[PDB]
Amino acid sequence: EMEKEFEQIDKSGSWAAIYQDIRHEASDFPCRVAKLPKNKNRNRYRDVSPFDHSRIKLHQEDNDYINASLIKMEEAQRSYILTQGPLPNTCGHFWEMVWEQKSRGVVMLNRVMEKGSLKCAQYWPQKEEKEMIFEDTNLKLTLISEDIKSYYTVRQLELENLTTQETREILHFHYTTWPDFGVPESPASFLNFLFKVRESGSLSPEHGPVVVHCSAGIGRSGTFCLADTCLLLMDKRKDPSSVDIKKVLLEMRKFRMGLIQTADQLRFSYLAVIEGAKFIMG
Ligand SMILES: CCCCCNC(=O)[C@H](Cc1ccc(N(C(=O)C(=O)O)c2ccccc2C(=O)O)c2ccccc12)NC(C)=O
């Protein structure tokens with residue numbers, strides 16, 4: 001079970017140790033492309049790179065690099081593109097990826113500024129009348145409308161391929177209340193955010209993978225993907241409590257390094273799942 005496992009681990013101050021076990025067991029693959037000198041300025045952090053085998057390739061012939069990894073969960077039959085918060089010079093690449101991968105939704109789990117520094121570039125327009133044009137990738141982005149709520153904001157955006165004049169609707173799911181330090185006391189708001197994403201169909205098969213990101217695209221992004229996949233898995237199994245979240249994180253890490261960066265995010269993940277399951281069945 002995972003319910004009791006939480007018990008055993010929690011009332012034993014074992015989280016820190018469990019997390020370390022994962023780190024030690026986690027997969028390790030080459031990130032050659034990410035380390036090429038010409039891509040140095042396409043990476044926010046020198047210690048956070050995508051494995052070559054699962055990296056997303058931009059369809060351009062100049063440089064197909066972008067710091068983004070395709071996490072492909074076979075059993076749960078769900079795919080996610082985890083990426084770093086874009087940089088002032090990679091916003092065009094970012095939206096090019098959304099277009100090419102036919103993504104329907106973009107999930108943001110951080111704020112543009114946190115701790116007095118920029119953790120992500122302002123990659124989307126804040127005003128309907130002030131659209132954005134990414135000349136390098138020939139794309140136009142317009143803010144159609146947004147619904148601001150207590151712990152998160154949902155925006156309707158229009159992305160247009162200026163080259164073909166084709167347009168699409170992208171939904172921006174911005175969790176705006178992640179705490180300055182640690183993790184949310186309760187996963188309730190986080191769960192509602194997730195369900196809201198699910199409801200839109202952004203995580204469904206008839207669309208490309210959702211694009212998920214925070215700053216490095218491994219920590220908060222990891223809790224989101226881990227929670228979703230675990231919840232979905234419990235829906236497909238005869239024995240829901242057989243789902244081993246640690247096993248799921250380890251599988252996920254085969255596609256992108258460092259998913260879930262602290263014992264806290266790991267614990268929060270268990271919480272989100274455990275609670276999410278109860279809510280779904282009442
Ligand atoms: C993959 C190995 C990670 C090695 C550690 N590296 C780091 O922490 C950082 C990159 C880096 C990685 C992960 C982060 N991070 C993330 O959730 C994330 O943006 O992925 C967090 C890590 C620990 C605790 C909290 C958070 C959080 O934001 O809630 C970061 C959050 C803010 C700023 C940077 C971050 N590297 C450098 C050079 O500063």
# chains A, B, ... in the order shown; residues from 1 in each chain; ligands from 1

$ residues_near_ligand --ligand "ligand 1" --cutoff "10 Å" --atoms "only C-alpha atoms and all ligand atoms" --output "PyMOL selection string"
chain A and resi 23+44-50+82-85+109-111+114-115+117-120+178-184+213-223+256-265

$ residues_around --residues "residue A:78" --least-positions-apart "5" --cutoff "12 Å" --atoms "only C-alpha atoms" --output "PDB file with N, CA and C atoms, in the first residue's frame"
ATOM      1  N   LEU A  70      10.965  14.877 -23.193  1.00  0.00           N
ATOM      2  CA  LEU A  70       9.673  14.212 -23.351  1.00  0.00           C
ATOM      3  C   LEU A  70       9.587  13.038 -22.389  1.00  0.00           C
ATOM      4  N   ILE A  71       8.768  13.171 -21.349  1.00  0.00           N
ATOM      5  CA  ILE A  71       8.580  12.095 -20.380  1.00  0.00           C
ATOM      6  C   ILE A  71       7.424  11.258 -20.936  1.00  0.00           C
ATOM      7  N   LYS A  72       7.718  10.013 -21.297  1.00  0.00           N
ATOM      8  CA  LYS A  72       6.718   9.132 -21.894  1.00  0.00           C
ATOM      9  C   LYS A  72       6.359   7.948 -20.992  1.00  0.00           C
ATOM     10  N   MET A  73       5.208   8.033 -20.325  1.00  0.00           N
ATOM     11  CA  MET A  73       4.779   6.965 -19.428  1.00  0.00           C
ATOM     12  C   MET A  73       3.875   6.001 -20.186  1.00  0.00           C
ATOM     13  N   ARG A 198      -6.750  18.800 -16.277  1.00  0.00           N
ATOM     14  CA  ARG A 198      -7.352  17.590 -16.830  1.00  0.00           C
ATOM     15  C   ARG A 198      -8.632  17.925 -17.586  1.00  0.00           C
ATOM     16  N   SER A 202      -6.217  19.114 -22.088  1.00  0.00           N
ATOM     17  CA  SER A 202      -4.815  19.392 -22.396  1.00  0.00           C
ATOM     18  C   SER A 202      -3.892  18.211 -22.143  1.00  0.00           C
ATOM     19  N   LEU A 203      -4.315  17.299 -21.279  1.00  0.00           N
ATOM     20  CA  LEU A 203      -3.508  16.130 -20.960  1.00  0.00           C
ATOM     21  C   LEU A 203      -3.962  14.901 -21.737  1.00  0.00           C
ATOM     22  N   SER A 204      -4.904  15.094 -22.656  1.00  0.00           N
ATOM     23  CA  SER A 204      -5.446  13.988 -23.435  1.00  0.00           C
ATOM     24  C   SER A 204      -4.739  13.649 -24.749  1.00  0.00           C
ATOM     25  N   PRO A 205      -4.907  12.401 -25.218  1.00  0.00           N
ATOM     26  CA  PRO A 205      -4.333  11.833 -26.444  1.00  0.00           C
ATOM     27  C   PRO A 205      -4.588  12.566 -27.761  1.00  0.00           C
ATOM     28  N   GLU A 206      -5.753  13.186 -27.911  1.00  0.00           N
ATOM     29  CA  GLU A 206      -6.033  13.879 -29.166  1.00  0.00           C
ATOM     30  C   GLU A 206      -5.242  15.176 -29.325  1.00  0.00           C
ATOM     31  N   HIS A 207      -4.301  15.408 -28.413  1.00  0.00           N
ATOM     32  CA  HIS A 207      -3.453  16.600 -28.453  1.00  0.00           C
ATOM     33  C   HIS A 207      -2.012  16.184 -28.216  1.00  0.00           C
ATOM     34  N   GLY A 208      -1.086  17.089 -28.502  1.00  0.00           N
ATOM     35  CA  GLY A 208       0.313  16.797 -28.264  1.00  0.00           C
ATOM     36  C   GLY A 208       0.557  16.862 -26.765  1.00  0.00           C
ATOM     37  N   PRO A 209       1.745  16.472 -26.280  1.00  0.00           N
ATOM     38  CA  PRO A 209       2.043  16.508 -24.842  1.00  0.00           C
ATOM     39  C   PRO A 209       1.924  17.907 -24.251  1.00  0.00           C
ATOM     40  N   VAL A 210       1.457  17.986 -23.012  1.00  0.00           N
ATOM     41  CA  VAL A 210       1.346  19.273 -22.351  1.00  0.00           C
ATOM     42  C   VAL A 210       2.779  19.744 -22.046  1.00  0.00           C
ATOM     43  N   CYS A 225       3.667  16.114 -12.600  1.00  0.00           N
ATOM     44  CA  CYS A 225       3.650  14.924 -13.448  1.00  0.00           C
ATOM     45  C   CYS A 225       3.539  13.631 -12.656  1.00  0.00           C
ATOM     46  N   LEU A 226       4.251  13.563 -11.539  1.00  0.00           N
ATOM     47  CA  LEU A 226       4.227  12.377 -10.697  1.00  0.00           C
ATOM     48  C   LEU A 226       2.833  12.140 -10.124  1.00  0.00           C
ATOM     49  N   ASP A 228      -0.115  13.292 -11.275  1.00  0.00           N
ATOM     50  CA  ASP A 228      -1.022  12.949 -12.360  1.00  0.00           C
ATOM     51  C   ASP A 228      -0.885  11.487 -12.793  1.00  0.00           C
ATOM     52  N   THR A 229       0.332  11.075 -13.135  1.00  0.00           N
ATOM     53  CA  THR A 229       0.576   9.710 -13.576  1.00  0.00           C
ATOM     54  C   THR A 229       0.169   8.685 -12.524  1.00  0.00           C
ATOM     55  N   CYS A 230       0.476   8.972 -11.266  1.00  0.00           N
ATOM     56  CA  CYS A 230       0.109   8.065 -10.189  1.00  0.00           C
ATOM     57  C   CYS A 230      -1.408   7.953 -10.056  1.00  0.00           C
ATOM     58  N   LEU A 231      -2.098   9.086 -10.124  1.00  0.00           N
ATOM     59  CA  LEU A 231      -3.548   9.088 -10.029  1.00  0.00           C
ATOM     60  C   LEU A 231      -4.152   8.321 -11.197  1.00  0.00           C
ATOM     61  N   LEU A 232      -3.665   8.594 -12.402  1.00  0.00           N
ATOM     62  CA  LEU A 232      -4.171   7.918 -13.587  1.00  0.00           C
ATOM     63  C   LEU A 232      -3.952   6.412 -13.471  1.00  0.00           C
ATOM     64  N   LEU A 233      -2.785   6.015 -12.968  1.00  0.00           N
ATOM     65  CA  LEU A 233      -2.481   4.600 -12.815  1.00  0.00           C
ATOM     66  C   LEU A 233      -3.452   3.918 -11.865  1.00  0.00           C
ATOM     67  N   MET A 252      10.121   7.850 -14.328  1.00  0.00           N
ATOM     68  CA  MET A 252      10.061   9.189 -14.890  1.00  0.00           C
ATOM     69  C   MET A 252      11.470   9.772 -15.048  1.00  0.00           C
TER      70      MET A 252
END

$ select_by_dssp --residues "stretch 150-273 of chain A" --states "strand (DSSP E or B)" --output "list in words"
residues 152, 153, 154, 155, 156, 157, 158, 159, 160, 161, 166, 167, 168, 169, 170, 171, 172, 173, 174, 175, 208, 210, 211, 212 and 213 of chain A

$ residues_around --residues "residue A:66" --least-positions-apart "5" --cutoff "12 Å" --atoms "only C-alpha atoms" --output "PyMOL selection string"
chain A and resi 31+33-36+38-44+49-52+54-60+81-87+89-98

$ write_last_selection --atoms "N, CA, C and O atoms" --output "short mmCIF file (atom, residue, chain, number, x, y, z; two decimals), in the first residue's frame"
data_model
loop_
_atom_site.label_atom_id
_atom_site.label_comp_id
_atom_site.auth_asym_id
_atom_site.auth_seq_id
_atom_site.Cartn_x
_atom_site.Cartn_y
_atom_site.Cartn_z
N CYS A 31 23.99 13.87 -21.84
CA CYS A 31 23.31 15.09 -22.27
C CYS A 31 24.30 15.84 -23.16
O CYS A 31 24.58 17.02 -22.94
N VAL A 33 24.25 16.93 -26.48
CA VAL A 33 23.76 18.10 -27.21
C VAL A 33 23.63 19.35 -26.34
O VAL A 33 24.01 20.45 -26.74
N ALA A 34 23.10 19.17 -25.13
CA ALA A 34 22.92 20.28 -24.22
C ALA A 34 24.24 20.93 -23.82
O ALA A 34 24.28 22.12 -23.52
N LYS A 35 25.32 20.15 -23.81
CA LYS A 35 26.61 20.68 -23.40
C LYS A 35 27.47 21.28 -24.50
O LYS A 35 28.56 21.78 -24.23
N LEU A 36 26.99 21.24 -25.74
CA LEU A 36 27.73 21.84 -26.84
C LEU A 36 27.86 23.33 -26.53
O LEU A 36 26.91 23.97 -26.06
N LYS A 38 27.77 26.00 -28.32
CA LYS A 38 26.77 26.86 -28.96
C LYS A 38 25.40 26.85 -28.31
O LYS A 38 24.53 27.65 -28.66
N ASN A 39 25.18 25.94 -27.36
CA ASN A 39 23.89 25.87 -26.69
C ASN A 39 23.97 26.41 -25.28
O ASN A 39 22.97 26.46 -24.57
N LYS A 40 25.18 26.79 -24.87
CA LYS A 40 25.38 27.31 -23.53
C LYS A 40 24.33 28.34 -23.14
O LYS A 40 23.77 28.27 -22.04
N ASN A 41 24.03 29.27 -24.04
CA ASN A 41 23.04 30.30 -23.73
C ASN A 41 21.57 29.89 -23.94
O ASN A 41 20.68 30.74 -23.97
N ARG A 42 21.32 28.59 -24.10
CA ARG A 42 19.95 28.11 -24.27
C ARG A 42 19.56 27.37 -23.01
O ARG A 42 18.44 26.88 -22.89
N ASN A 43 20.49 27.32 -22.07
CA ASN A 43 20.29 26.65 -20.80
C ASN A 43 20.30 27.64 -19.64
O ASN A 43 21.20 28.45 -19.53
N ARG A 44 19.29 27.56 -18.78
CA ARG A 44 19.20 28.46 -17.64
C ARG A 44 20.21 28.05 -16.58
O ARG A 44 20.87 28.90 -15.98
N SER A 49 20.15 19.70 -17.44
CA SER A 49 20.08 19.46 -18.88
C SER A 49 19.23 18.25 -19.25
O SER A 49 19.01 17.35 -18.43
N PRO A 50 18.73 18.22 -20.49
CA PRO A 50 17.91 17.11 -20.98
C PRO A 50 18.80 15.98 -21.53
O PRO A 50 19.81 16.24 -22.18
N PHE A 51 18.42 14.74 -21.27
CA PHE A 51 19.18 13.60 -21.78
C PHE A 51 19.01 13.64 -23.29
O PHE A 51 17.93 13.98 -23.78
N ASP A 52 20.06 13.32 -24.04
CA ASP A 52 19.94 13.34 -25.50
C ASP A 52 18.82 12.44 -26.02
O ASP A 52 18.06 12.84 -26.91
N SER A 54 15.96 11.57 -24.90
CA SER A 54 14.57 11.99 -24.74
C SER A 54 14.33 13.48 -24.95
O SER A 54 13.23 13.97 -24.68
N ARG A 55 15.34 14.19 -25.43
CA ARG A 55 15.21 15.63 -25.66
C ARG A 55 14.26 15.95 -26.80
O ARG A 55 14.05 15.15 -27.71
N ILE A 56 13.67 17.14 -26.74
CA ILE A 56 12.75 17.60 -27.78
C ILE A 56 13.57 18.32 -28.85
O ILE A 56 14.41 19.16 -28.53
N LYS A 57 13.31 18.01 -30.11
CA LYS A 57 14.04 18.66 -31.19
C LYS A 57 13.17 19.68 -31.89
O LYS A 57 12.04 19.37 -32.26
N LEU A 58 13.68 20.90 -32.04
CA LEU A 58 12.93 21.94 -32.74
C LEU A 58 13.05 21.54 -34.21
O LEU A 58 14.07 21.01 -34.63
N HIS A 59 12.01 21.79 -34.99
CA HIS A 59 12.03 21.41 -36.40
C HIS A 59 12.89 22.29 -37.29
O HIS A 59 12.91 22.09 -38.51
N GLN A 60 13.59 23.25 -36.71
CA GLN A 60 14.46 24.12 -37.50
C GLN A 60 15.77 23.38 -37.77
O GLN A 60 16.15 22.49 -37.01
N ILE A 81 5.89 17.10 -21.53
CA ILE A 81 7.14 17.72 -21.94
C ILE A 81 7.50 18.63 -20.77
O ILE A 81 6.80 19.61 -20.48
N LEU A 82 8.57 18.27 -20.05
CA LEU A 82 9.03 19.10 -18.95
C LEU A 82 10.13 19.96 -19.55
O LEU A 82 10.99 19.46 -20.27
N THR A 83 10.07 21.26 -19.27
CA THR A 83 11.06 22.18 -19.80
C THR A 83 11.40 23.26 -18.77
O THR A 83 10.64 23.49 -17.82
N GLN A 84 12.54 23.90 -18.95
CA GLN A 84 12.95 24.96 -18.03
C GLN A 84 12.11 26.18 -18.37
O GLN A 84 11.52 26.25 -19.46
N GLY A 85 12.05 27.12 -17.44
CA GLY A 85 11.33 28.34 -17.71
C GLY A 85 12.14 28.97 -18.82
O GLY A 85 13.36 29.05 -18.72
N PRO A 86 11.51 29.40 -19.91
CA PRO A 86 12.29 30.00 -21.00
C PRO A 86 13.11 31.24 -20.64
O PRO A 86 12.79 31.99 -19.70
N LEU A 87 14.16 31.45 -21.41
CA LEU A 87 15.06 32.58 -21.25
C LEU A 87 14.68 33.65 -22.26
O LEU A 87 13.99 33.38 -23.24
N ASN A 89 16.06 34.76 -24.62
CA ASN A 89 16.43 34.37 -25.98
C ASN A 89 15.87 33.02 -26.43
O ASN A 89 16.13 32.59 -27.56
N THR A 90 15.10 32.35 -25.58
CA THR A 90 14.53 31.06 -25.97
C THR A 90 13.01 31.06 -25.97
O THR A 90 12.39 30.01 -26.08
N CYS A 91 12.39 32.24 -25.85
CA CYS A 91 10.93 32.32 -25.85
C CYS A 91 10.39 31.95 -27.22
O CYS A 91 9.33 31.34 -27.33
N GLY A 92 11.12 32.33 -28.27
CA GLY A 92 10.68 31.99 -29.61
C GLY A 92 10.77 30.48 -29.79
O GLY A 92 9.88 29.86 -30.37
N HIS A 93 11.84 29.88 -29.28
CA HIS A 93 12.04 28.44 -29.37
C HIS A 93 10.94 27.72 -28.59
O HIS A 93 10.41 26.70 -29.03
N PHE A 94 10.62 28.26 -27.42
CA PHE A 94 9.61 27.68 -26.56
C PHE A 94 8.28 27.55 -27.29
O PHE A 94 7.70 26.47 -27.35
N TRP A 95 7.80 28.65 -27.87
CA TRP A 95 6.53 28.61 -28.58
C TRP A 95 6.60 27.81 -29.87
O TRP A 95 5.58 27.31 -30.34
N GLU A 96 7.80 27.67 -30.42
CA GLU A 96 7.98 26.88 -31.63
C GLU A 96 7.74 25.43 -31.23
O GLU A 96 7.13 24.66 -31.97
N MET A 97 8.23 25.06 -30.05
CA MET A 97 8.07 23.71 -29.54
C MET A 97 6.59 23.42 -29.28
O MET A 97 6.10 22.35 -29.62
N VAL A 98 5.89 24.37 -28.67
CA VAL A 98 4.47 24.18 -28.41
C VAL A 98 3.74 23.92 -29.73
O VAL A 98 2.90 23.03 -29.83
#

$ closest_residue --among "A:53, A:1, A:155, A:166" --to "residue A:240" --atoms "only C-alpha atoms"
A:1

$ closest_residue --among "A:24, A:102, A:278, A:267" --to "residue A:245" --atoms "only C-alpha atoms"
A:267

$ residues_around --residues "residue A:189" --least-positions-apart "4" --cutoff "9 Å" --atoms "only C-alpha atoms" --output "list in words"
residues 151, 152, 177, 184, 193 and 194 of chain A

$ write_last_selection --atoms "N, CA, C and O atoms" --output "PDB file, in the first residue's frame"
ATOM      1  N   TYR A 151      -5.752  30.697  -6.018  1.00  0.00           N
ATOM      2  CA  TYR A 151      -4.442  30.063  -6.074  1.00  0.00           C
ATOM      3  C   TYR A 151      -3.875  29.805  -7.469  1.00  0.00           C
ATOM      4  O   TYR A 151      -2.793  29.224  -7.596  1.00  0.00           O
ATOM      5  N   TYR A 152      -4.588  30.231  -8.509  1.00  0.00           N
ATOM      6  CA  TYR A 152      -4.096  30.050  -9.875  1.00  0.00           C
ATOM      7  C   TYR A 152      -4.886  30.838 -10.910  1.00  0.00           C
ATOM      8  O   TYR A 152      -6.019  31.250 -10.670  1.00  0.00           O
ATOM      9  N   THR A 177       0.355  30.503  -6.710  1.00  0.00           N
ATOM     10  CA  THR A 177       0.538  30.552  -5.265  1.00  0.00           C
ATOM     11  C   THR A 177       1.513  29.586  -4.608  1.00  0.00           C
ATOM     12  O   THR A 177       1.403  29.321  -3.411  1.00  0.00           O
ATOM     13  N   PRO A 184       3.480  23.706  -0.478  1.00  0.00           N
ATOM     14  CA  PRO A 184       2.181  24.109   0.070  1.00  0.00           C
ATOM     15  C   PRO A 184       1.799  23.225   1.257  1.00  0.00           C
ATOM     16  O   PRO A 184       1.984  22.011   1.207  1.00  0.00           O
ATOM     17  N   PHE A 193      -5.931  22.549  -9.192  1.00  0.00           N
ATOM     18  CA  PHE A 193      -5.231  23.059 -10.363  1.00  0.00           C
ATOM     19  C   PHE A 193      -5.085  21.923 -11.378  1.00  0.00           C
ATOM     20  O   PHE A 193      -5.390  22.080 -12.561  1.00  0.00           O
ATOM     21  N   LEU A 194      -4.619  20.774 -10.905  1.00  0.00           N
ATOM     22  CA  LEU A 194      -4.440  19.604 -11.759  1.00  0.00           C
ATOM     23  C   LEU A 194      -5.746  19.210 -12.458  1.00  0.00           C
ATOM     24  O   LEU A 194      -5.789  19.049 -13.680  1.00  0.00           O
TER      25      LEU A 194
END

$ atom_distance --atom1 "atom CA of residue A:161" --atom2 "atom CA of residue A:174"
23.4 Å

$ decode --residues "stretch 226-248 of chain A" --atoms "N, CA and C atoms" --output "compact mmCIF listing (two decimals), in the first residue's frame"
# COMPACT_ATOMS: atom_id res chain seq x y z
N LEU A 226 4.25 13.56 -11.54
CA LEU A 226 4.23 12.38 -10.70
C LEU A 226 2.83 12.14 -10.12
N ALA A 227 2.20 13.21 -9.66
CA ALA A 227 0.87 13.11 -9.07
C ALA A 227 -0.13 12.64 -10.12
N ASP A 228 -0.11 13.29 -11.27
CA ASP A 228 -1.02 12.95 -12.36
C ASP A 228 -0.88 11.49 -12.79
N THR A 229 0.33 11.08 -13.13
CA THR A 229 0.58 9.71 -13.58
C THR A 229 0.17 8.69 -12.52
N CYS A 230 0.48 8.97 -11.27
CA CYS A 230 0.11 8.07 -10.19
C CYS A 230 -1.41 7.95 -10.06
N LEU A 231 -2.10 9.09 -10.12
CA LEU A 231 -3.55 9.09 -10.03
C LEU A 231 -4.15 8.32 -11.20
N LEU A 232 -3.66 8.59 -12.40
CA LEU A 232 -4.17 7.92 -13.59
C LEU A 232 -3.95 6.41 -13.47
N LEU A 233 -2.79 6.02 -12.97
CA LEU A 233 -2.48 4.60 -12.82
C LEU A 233 -3.45 3.92 -11.87
N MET A 234 -3.79 4.59 -10.77
CA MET A 234 -4.72 4.00 -9.82
C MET A 234 -6.08 3.77 -10.47
N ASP A 235 -6.37 4.54 -11.51
CA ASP A 235 -7.63 4.41 -12.24
C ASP A 235 -7.65 3.19 -13.15
N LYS A 236 -6.47 2.75 -13.59
CA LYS A 236 -6.36 1.63 -14.51
C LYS A 236 -6.05 0.29 -13.89
N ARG A 237 -5.72 0.27 -12.60
CA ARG A 237 -5.38 -0.99 -11.96
C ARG A 237 -6.49 -1.61 -11.13
N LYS A 238 -6.46 -2.93 -11.02
CA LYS A 238 -7.46 -3.64 -10.24
C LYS A 238 -7.21 -3.31 -8.78
N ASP A 239 -5.94 -3.24 -8.41
CA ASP A 239 -5.54 -2.92 -7.04
C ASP A 239 -4.86 -1.55 -7.04
N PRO A 240 -5.63 -0.48 -6.83
CA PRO A 240 -5.13 0.90 -6.81
C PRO A 240 -3.96 1.16 -5.87
N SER A 241 -3.99 0.56 -4.68
CA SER A 241 -2.93 0.76 -3.70
C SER A 241 -1.60 0.08 -4.03
N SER A 242 -1.53 -0.59 -5.18
CA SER A 242 -0.30 -1.27 -5.57
C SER A 242 0.68 -0.30 -6.24
N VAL A 243 0.16 0.84 -6.67
CA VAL A 243 0.98 1.86 -7.32
C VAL A 243 2.09 2.35 -6.40
N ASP A 244 3.34 2.07 -6.78
CA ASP A 244 4.49 2.49 -6.00
C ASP A 244 5.00 3.81 -6.58
N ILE A 245 4.68 4.90 -5.90
CA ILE A 245 5.10 6.21 -6.37
C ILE A 245 6.61 6.34 -6.57
N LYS A 246 7.40 5.71 -5.70
CA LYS A 246 8.86 5.76 -5.83
C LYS A 246 9.23 5.10 -7.16
N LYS A 247 8.60 3.97 -7.44
CA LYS A 247 8.86 3.26 -8.68
C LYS A 247 8.49 4.14 -9.87
N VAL A 248 7.41 4.90 -9.72
CA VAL A 248 6.97 5.78 -10.79
C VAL A 248 7.92 6.94 -11.00
